Amino acid sequence: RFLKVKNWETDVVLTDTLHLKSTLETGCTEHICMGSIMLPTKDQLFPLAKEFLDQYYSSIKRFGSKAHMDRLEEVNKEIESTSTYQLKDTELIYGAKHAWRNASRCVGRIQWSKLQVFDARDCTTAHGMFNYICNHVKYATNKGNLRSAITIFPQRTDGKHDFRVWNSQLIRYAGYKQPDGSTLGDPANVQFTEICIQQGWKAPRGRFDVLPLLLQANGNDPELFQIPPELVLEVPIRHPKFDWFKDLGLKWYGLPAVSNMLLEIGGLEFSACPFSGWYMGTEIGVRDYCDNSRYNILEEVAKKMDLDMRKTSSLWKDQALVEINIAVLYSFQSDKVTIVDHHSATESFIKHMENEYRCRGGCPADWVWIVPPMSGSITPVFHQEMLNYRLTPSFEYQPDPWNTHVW
Amino acid sequence: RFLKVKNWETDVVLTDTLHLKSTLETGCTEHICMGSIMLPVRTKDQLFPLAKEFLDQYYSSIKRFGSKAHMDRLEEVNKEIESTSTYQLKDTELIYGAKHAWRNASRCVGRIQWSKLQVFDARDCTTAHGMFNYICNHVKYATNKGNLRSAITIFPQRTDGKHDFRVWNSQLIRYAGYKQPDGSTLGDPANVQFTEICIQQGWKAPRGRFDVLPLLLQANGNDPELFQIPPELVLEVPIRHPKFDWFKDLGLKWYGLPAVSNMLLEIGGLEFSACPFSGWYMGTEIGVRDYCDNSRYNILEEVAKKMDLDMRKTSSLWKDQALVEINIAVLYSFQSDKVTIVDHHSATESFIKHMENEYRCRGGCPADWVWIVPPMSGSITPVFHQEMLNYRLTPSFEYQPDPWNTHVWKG
Ligand code: HEM
Ligand code: HEM
Ligand SMILES: Cc1cc(N)nc(COc2cccc(CNCCc3cccc(F)c3)c2)c1
Ligand SMILES: Cc1cc(N)nc(COc2cccc(CNCCc3cccc(F)c3)c2)c1
Ligand SMILES: C[C@H](O)[C@H](O)[C@H]1CNc2nc(N)[nH]c(=O)c2N1
Ligand SMILES: C[C@H](O)[C@H](O)[C@H]1CNc2nc(N)[nH]c(=O)c2N1
Ligand SMILES: [Zn+2]
């Protein structure tokens, strides 16, 4: 019930107590571990609300004060009356920061307290969402000097009035299936790209076309907007040694901005809460560029390097993979767009894990996602035992809206 | 119940019913996943159910379930347990049980090979000298001049737990680690503690960077005894790189035969506390872990120096670059000397075929993703994108405490 985690490289042992405050379930049981699975009324609301406010007032050192009891009372009164409630700005900021702090799959949580929170709870239309989002992108991009931020649209009500950003990221490239048989652009995005075409977008049918936004306000049908081109910072990818590399025509965008998740604070559900930081290099180089299901460019690079592709045991893939990742980091650094490498990112998370054990009693972490997708065991997270559990406030997955939308 | 696992690269979806035959526990709950934790006398009472369940599994596999032979064997084991309190496995059951422990080893990426396992029955062994001889024969048979063959040797089972057979070495072949007064380590830092035990017991340590450790063998609960593996029995490979001629001058080598000697083999409630087994290496086990862990040989700096990589910032990926070069060297050397080795691409692709096949013919394949995924280039190997259910089946291999923590010394 009081759990220990060992780091097998440093022998440092930490004691986890925070896990007892765990509320949601994992997918696992005593009989079966589901660690590698990608996706495992008035009644319930007040307990959820109280649980939250209790932690909030405890965090500001006013646990059991009149202000505390007053708010508890106040919120209770509002739920009984309105069947929901509203968070104070302070509570909203705190909630959102803590959903980040609690995301057990995020290697970048050392940063969790520097989140700029944009309260867009007054937004009513999809045009308004477009305005808030452009402001978010522009603030976050900060001419390549990236700052973390989240924009929070209004909370879910009866659930027929949801705000949704239909894009999975604010900034993503299109994907088109061709008669050709193969896929042009980003294969991860074919379906959503078809929804954009079938809502009216005129696709340029390039390899790297920035998707338009599909914004849904107040449960209405979603609308298309294009992010001003001048707000979408992009980096052309060159290698610091291979002159030919830039001839591959690769670019990526600078701003990672997840837009399809659901933020739950104190029982309240914010179904549109796009949030952003800055990239860890491997996210682009390893996954975006080299995944079979993605841009899949390893063969093309190995070829240009003239490696023996005859046998897997020449490790031509591994070699091409590293060079692609050197190129990503190099291109971003050259243009002064913030980026972190996996060595530096994971070292940061180990320091952060340690701060959270000594300051909070632990840190939920999901090893499967924390350990980078290349060079695993030469980063310190690999040797680090982690405990995975769910705390609230949290970010959660929600069904793609096209599967849900009453048209 | 039916459980599904998706492959996110191929969209292949599999269905597992085998997890329903699981008994042992995971250490996870509905509130906490312990999937990345490294290490999460029996009585007549528990014994017969465990025996019966094993023998039902056995008798099904040979299509004799419910036969008279089946029933008489249950009868016979029942009796033996009641009067003698344990029981003896037949050779064929022993063989089946050891194959199955391997098959059920959820952290093993090499299970495609599970049915080709030479079983050596050393249950007539009585002394440490007897153990030595069995182990030498194992090592010589498994090595097979570089054309490695899987094998296991199985010494007598636990009785009162006061008479255990144990191999104190953690692998049969392993390099001495020596702690220096200055605080640095000579040889393999993983094996420092055990090297001290060997020295304390009378080994004359050559004190090099690559000294093959002597065996420390306990028979029948007696104090362990020391023996040297005949050097001519120990196949080693000097490590060179195909383009980098300076690689050989690093002075690296490694042994050909990976042979785990510190696990417990549980079959039908019986506990085989000495059961050394050996296979062949996946390159990354030597090239990533043994050479480049900071707690092991730790040769990354030195390799990247010689390659003259920009070592000022980690974002040049100098570590990653050197790691690949070392791993190429390891595979290249073993291939050049005709010592069996598999690369991590080939190994993980074979496992995915094995795993699918196991889903078709067996109803599942317990797998531990934290362990199956290789320690380099994770995401470009097909296992990375494979969802996997982890659970425990018997027969099984288990950890057991190091014998120096538990042995009652006689003197
Ligand atoms: C500041 C730089 C940041 C870095 C380097 C970073 C890093 C990452 C990485 C590498 C992942 C792995 C998932 C994948 O491979 O796609 C991840 C997951 C995640 N991060 Fe971050 N992160 C950052 C900022 C943020 C921010 C600002 C938030 C939210 C406020 C956030 C919330 C998440 C969540 C919710 C997940 C996982 C979603 C899930 O459960 O599957 N991160 N992060
Ligand atoms: C055929 C060659 C084999 C290869 C390439 C292979 C590969 C591996 C690798 C890479 C691991 C991960 C452990 C680590 O990285 O330290 C492993 C684990 C294991 N393998 Fe194998 N294996 C082979 C044969 C065998 C054999 C013959 C057995 C026994 C019959 C066996 C039983 C195990 C067990 C028990 C584990 C996991 C230890 C644990 O639970 O922590 N393997 N295998
Ligand atoms: C804010 C931020 C910064 C940064 N450097 N990296 C990130 C990456 O975080 C996320 C968060 C949510 C989702 C994703 C995309 N990754 C896989 C999600 C997923 C789940 C289930 C099914 C899928 F097809 C895909 C990535 C986020
Ligand atoms: C038979 C065989 C072939 C092959 N290629 N590789 C192996 C490696 O498998 C094992 C099996 C058991 C133990 C080990 C040693 N490493 C993990 C055990 C362990 C536990 C706790 C802490 C550690 F540092 C190490 C490795 C075994
Ligand atoms: C099957 C497995 O859960 C899946 O491939 C995971 C593994 N680890 C990951 N880790 C990160 N950071 N991102 C991912 O998308 C995945 N995919
Ligand atoms: C803490 C973590 O579980 C530990 O480092 C594990 C991770 N995965 C591993 N995977 C393999 N194959 N071998 C190992 O020793 C480890 N170590
Ligand atoms: Zn689990």
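Both ligands and their constituent atoms are indexed starting at 1 by order of listing. Numbered from 1 within each chain, the chains take letters A, B, ... in sequence-line order.
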Donor-acceptor pair between B/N169 and B/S261 side chains, under 3.5 angstrom: no

Sole residue of B/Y178, B/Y297, B/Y255 in ring pair (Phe, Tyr, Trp, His ring centres under 6.0 Å) with B/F210: B/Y297

For B/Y281, atoms of ligand 4 separated by under 4.0 Å from a heavy atom: 5 (N)

Donor-acceptor pair between B/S377 and A/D318 side chains, under 3.5 angstrom: yes

Under 4.0 Å to a heavy atom of A/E385 - the qualifying atoms of ligand 6, by number: 1 (C)

Polar atom proximity, B/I37 to ligand 6 (N or O, under 3.5 Å): no

Nearest-0.5 Å distance that lies between atom CD in A/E25 and atom CE in A/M34: 12.0 Å

Ring centroid separation B/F397 to B/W102 under 6.0 Å: no

Proximal atoms of ligand 4 relative to B/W371 (non-hydrogen, under 4.0 Å): 17 (C)

Residue pair A/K4 / A/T15, side-chain donor-acceptor N/O under 3.5 Å: yes

Crowding at CD, A/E9 (>12 non-hydrogen neighbours, <6.0 Å): yes

Closest to atom 4 (C) of ligand 6 (judged by heavy-atom distance), picking from B/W369, A/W367, A/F382, B/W371: A/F382

Ligand 6 to A/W8 polar contact by distance, N or O atoms, under 3.5 Å: no

For B/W280, the ligand 4 atoms whose distance to one of its heavy atoms is below 4.0 Å: 3 (C), 4 (C), 5 (N)

Backbone or side-chain N or O of B/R289 under 3.5 Å from ligand 6 N or O: yes

Nearest non-hydrogen protein atom, atom 8 (N) of ligand 6: B/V370 O, 3.1 Å

Closest candidate by heavy atom, reference atom 1 (C) of ligand 6, pool A/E9, B/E285, A/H383, B/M34: A/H383

Per-atom contacts of ligand 4 with B/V260, taking only distances under 4.0 Å to non-hydrogen atoms: 10 (C), 11 (C), 12 (C), 26 (C)

Residue pair B/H354 / B/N357, side-chain donor-acceptor N/O under 3.5 Å: no

Is_contact(atom 17 (C) of ligand 4), protein non-hydrogen, under 4.0 Å: yes

Centroid-centroid distance, B/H100 to B/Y96, less than 6.0 Å: yes

Nearest-contact summary for atom 13 (C) of ligand 4 - protein heavy atom, Å: B/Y399 OH, 3.7 Å

Sub-4.0 Å atoms of ligand 4 with respect to non-hydrogen atoms of A/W8: 22 (C)

B/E285-ligand 4 polar pair, N/O distance under 3.5 Å: yes

Non-hydrogen atoms of B/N104 and B/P395 that approach each other most closely: ND2-O, 2.9 Å

Closest approach of any protein heavy atom to atom 15 (C) of ligand 4, naming residue and atom: B/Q171 NE2, 4.9 Å

B/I341 vs B/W280, side-chain contact (heavy atoms from CB on, under 4.5 Å): CA-CA, chis, key distance, verdict: CA-CA 6 Å; B/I341 197 173; B/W280 52 80; over 6 Å; no

Atoms in ligand 4 with a heavy atom of B/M263 nearer than 4.0 Å: 12 (C)

Cationic tip of B/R149 above B/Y141 ring, under 6.0 Å, 45° of axis: yes

Ring centre gap for B/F384 and B/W369 strictly below 6.0 Å: yes

Sub-4.0 Å protein heavy atom near atom 8 (C) of ligand 4: yes

Ligand 6 atoms in contact with B/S36 (distance to a heavy atom under 4.0 Å): 1 (C), 2 (C), 3 (O)

Proximal ligand 4 atoms for B/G279, defined as those under 4.0 Å from one of its heavy atoms: 1 (C)

Between B/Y291 and B/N327, a side-chain donor and acceptor under 3.5 Å: no

Check: A/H343 main-chain N/O paired with A/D341 side-chain donor or acceptor under 3.5 Å: yes

Contact summary for B/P375 and B/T284, nearest pair of heavy atoms: CD-OG1, 3.8 Å

Count of N, O or S atoms belonging to protein, less than 2.8 Å from the Zn ion (ligand 7): 4

Six-ring centre of B/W114, B/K116 cation under 6.0 angstrom, axis tolerance 45°: no

Protein heavy atom at shortest distance from atom 21 (C) of ligand 4: B/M38 CG, 3.6 Å

B/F277: numbered ligand 4 atoms lying under 4.0 Å from its heavy atoms: 1 (C)

